[PDB]
């Protein structure tokens, strides 16, 4: 078994085609299904798995009540083959209320974080064994990607951050080999805030589109040099803009260099990826809430500041249904490396007050160079049938 080096062109894509859906919440009304949030997907070189951070309880369980909280000692990282729902036979891989996993070609890496907010700890579990750990460096909630990491030639990269949510913070990029931290680089370039990065290979580098929870509704970009460990950061050029809350396609901007300061506070994990000068991206259909989800191509949205020439749009979830986080994952084809994405469909507490829990389902698409149609694929549950 050789290490993944991901050195193949990026497949030319025309849009994305449906790929998987787990119908988690619908099943929960008549089955024992894990309560989860912040899910994601990653594939080794043979099959794809679906991860999620559970809430140490099933839905039809009094313990689900008040699962709106993001960090309790009972959250663990669940892992199943893509498509099999989180039922009782699912393996809890580690203790973690924030995580990230990737396969380097020979084994899985799982960075798991738990602990007190002011003094959390992250364990780096590789190939089944705990190989290394690190502690909070800014005593204020050590957090990471919430999506897949990436490895080239045996070296994996995971961007992490400790600090303020809506304030300056400390973002570093750990370089890990076989579970062992072999280098740590600090964020450089012009990105103000970096959280929940959605990274992907780009031989010989890795590129990420993250979340700015402080001053920007445009998304930050983090470029990682696997060779010398140098970092660089910017914001995506597109004037279309992918964070939530955001401005309005009409009155929204991005200069490629700084937080646009337009409805900058708060956000949502998301993705985007480059294609020559164009950019592929997705985002909630609403600008205020996490409702609906669409994807499209912004002609010259990677290279030219403020571009808004959109085309090839697809609605994944209609504007009347809930969505949530979302991220990207790469799969190696025979001749090129393709890009896919999943989208979390949060249901429950916060927006929906009939029930007392909070959970999610998922729907996942992959790029295609072929043809495709139209549709919409939401969570699907009826809050009125649900327990609680």
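Residue numbers count along the first chain shown, from 1.
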Given 104 to 112 and 241 to 249, the range whose Cα B-factors average higher in the PDB entry: 241 to 249
Looking at the deposited entry, does 144 to 152 or 306 to 314 carry the larger mean Cα B-factor? 306 to 314
Of the residues 284, 192, 76, 185, the one carrying the largest Cα B-factor as recorded: 192
Comparing recorded Cα B-factors across 28, 36, 351, 326, which one is largest? 351
What third of the chain, by the recorded C-alpha B-factor, contains residue 273? highest
Residue 364: C-alpha B-factor third of its chain, per the entry, is the lowest
Going by what the PDB entry lists, where does residue 41 fall on CA B-factor within its chain: lowest, middle or highest third? lowest
Ordered by C-alpha B-factor within the chain, which third holds residue 62? Give me lowest, middle or highest, please. highest
Can you tell me which third, lowest, middle or highest, the CA B-factor of residue 207 falls into for its chain? lowest
